[PDB]
């Protein structure tokens, strides 16, 4: 059984000064509609959304940050525009807090359904996104770090050291996720992202391949940064073959979370990349070989409504057991992508014998 969570209430978060801002309410309704239209929805078991509790938010976030976002629910626009402008790349409406709570709670219910064996895997069609949110601040369209919270929630209902792999294939580095788990060996964070030598959002060298984790977490943070190329299926398949899958198998996760942004997709207005829907299907199908198939796909970014709808629907088709669609002939890797992969291999072979 494949679970699916979607709740139209998450559309209520909106940009009251720029109704065309790309992080649109209809991102989630469009993905849901495509699942209906392809007859995937009836093949899934519907999992309800719920609000995350403040106690759950505290698994990853500071009391100050929770308080400030909570207070926004009853702010007038003046307080809201001003507050949002204090963060890097955030807009806020009175419904934003509730929607961020529903995104997180939806994922908690989904992880619970997987970990109790009610479903084998699941897909969470949620917004606002999470992976840029830090312990103490909002960033990059994200209020609370849904994926990071879901990992800690999973631990809280199983055992504290449950091995959680987070694969973040959003085109942007999940700075918040990296930081939250940087000193933690129970949550392996693997991100692929457009980097451009630190020029691409979120504009930090924290996203480079040499950031392998800190303290107990050394080895448990894997950054795969792309430079100087319009990357696509060949580069992502190669990164999975040489890095993601060998490391993941060696870690032997008990739960896999995908920070599944679809902004590396062909057609995205921001990412500049060309991963296809069939590419995302293949990535999903590979991850299903881990953790006895216990995979939760969590929407992050992705801004071409058609691209994200087709791409996420193909992921759910894989979770349901459909056979992978055929990739196009894979061109030789862009030269810089080979360099990137080899840089990560050299950084991580000390920690992961499967890379040697």
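Numbering follows the first chain given and starts at 1.
Notably, residue 328 is an intermittent gap: at least a third of the other compared entries of this protein, restricted to those modelling both its neighbours, have no coordinates for it. For the pair 129 to 137 and 72 to 80, the mean Cα B-factor is higher in 72 to 80. Between 342 to 350 and 15 to 23, the higher mean Cα B-factor belongs to 15 to 23. As recorded in the entry, 95 carries the highest CA temperature factor of 268, 235, 95, 182. Of the candidates 213, 198, 279, 174, the deposited coordinates give 198 the top C-alpha B factor. Ranked within its chain, residue 307 lands in the lowest third, by CA B factor from the PDB record.
Ranked against the other modelled residues of its chain, the C-alpha B-factor of residue 316 as given in the entry falls in the lowest third. For residue 287, the recorded CA temperature factor ranks within the middle third of the chain's modelled residues. In this PDB entry, residue 250 carries a Cα temperature factor that places it within the highest third of its chain's modelled residues. Sort the chain's modelled residues by C-alpha temperature factor and residue 87 lands in the highest third, per the entry.
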